[PDB]
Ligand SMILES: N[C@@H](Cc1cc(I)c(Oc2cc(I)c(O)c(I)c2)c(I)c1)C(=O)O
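One chain comes next, on its own, written as structure tokens: the form deposited without ligand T44.
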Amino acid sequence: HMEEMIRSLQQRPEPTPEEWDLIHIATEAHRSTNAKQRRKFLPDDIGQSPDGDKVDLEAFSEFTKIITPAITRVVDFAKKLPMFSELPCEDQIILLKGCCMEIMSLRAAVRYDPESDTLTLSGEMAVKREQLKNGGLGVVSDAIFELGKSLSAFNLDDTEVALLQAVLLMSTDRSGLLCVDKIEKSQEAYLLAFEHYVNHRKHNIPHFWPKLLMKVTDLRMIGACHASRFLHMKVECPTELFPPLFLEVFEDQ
């Protein structure tokens, strides 16, 4: 026990004005690159749940038509982060390929609406778990909805979502990177700045930070699992339906 005491005995350092700068740049890089009022729903006849793993081409088409902008927004987000913009093109590619699905999934998960039990892709199209699943994501769809439901309680604000994206972007998990050190350092700086921003928000939730950190694992699973679905998508879907950017970002794996 002694949880209440231990909790209160913990030091909650606020953000140092080095971290407040990061937290501001990042927060705006995020806000300016991610756009519920006039959100159009995706027709219930599209992707309505033989072949246990068949991909509904119609649904798939609807999602690939809006994926290029979604991917462009993540790239735009990265470009607005100093420590990223200064990296070699090759590095930016590897980083982007390594976190694009995660960030896109995070943005989808936070736009989750419990009322309608849907997600809003590109901040406009509202999709039901079934549709996104038949459209190609399969279980990954189940995973993003599961994450979206659980993130409602966290009340993440633009900054937490923003730093969470920076943390995902600045990873040295993939190979072929050049500036491993500089990225590593940006990672640690964002994590630290992120943690202090969470101390500042004072969430009425027990072990919030540790829990929010576990969401990163959820997103990386979604990311990794997405690479599989993508392969399955290339098998089951006409190549003409795959936009160029979509292919560059998820192929070669």
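Between two forms, the rigid core is defined as the largest C-alpha subset superposing within 1.5 Å. Each residue number is its position in the shown sequence, starting from 1. Shifts are known only where both forms have a C-alpha.
Unmodelled stretch separating residue 49 from residue 50: 4 to 9 residues (count of deposited-sequence residues without coordinates).
The entry models residue 35 and residue 36 with a gap of 4 to 9 deposited residues left without coordinates.
Comparing 84-92 with 133-141, the stretch with the higher mean C-alpha B-factor in the PDB entry is 84-92. In this entry, 114-122 shows the higher mean Cα temperature factor of the pair 114-122 and 160-168. For the set 177, 103, 71, 127, the PDB entry assigns the largest Cα B-factor to 177. The PDB entry assigns residue 6 a C-alpha temperature factor belonging to the middle third of its chain's modelled residues. Ranked by Cα temperature factor within the chain, residue 78 sits in the middle third according to the deposited record. Remark: residue 229 belongs to the lowest third of its chain, ranked by C-alpha B-factor as recorded. For residue 151, the recorded CA B-factor ranks within the middle third of the chain. Only modelled residues enter the ranking. Annotation for residue 43: CA B-factor lies in the highest third of the chain's modelled residues.
The form solved in complex with ligand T44 is left out here; the points below concern that form.
Taking a 4.5 Å heavy atom cutoff to ligand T44 in the deposited complex, the contact residue among 184, 28, 53, 58 is 184. Checked against ligand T44 in the deposited complex, the residues 42, 198, 213, 189 give one hit for a heavy atom within 4.5 Å, which is 213. With a 4.5 Å cutoff on heavy atoms, residue 171 counts as touching ligand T44 in the deposited complex. Along 27-57, not one residue places a heavy atom within 4.5 Å of ligand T44 in the deposited complex. Relative to this form, the distance between the C-alpha atoms of residue 150 and residue 8 is increased by at least 3 angstroms in the deposited complex. In the deposited complex, the CA atoms of residue 8 and residue 153 move farther apart by at least 3 angstroms compared with the shown structure. Residues present in both forms were considered; between this form and the one not shown, the rigid-core fit shows Cα displacements of 2 Å or more across three or more consecutive positions at 3-11, 50-53.
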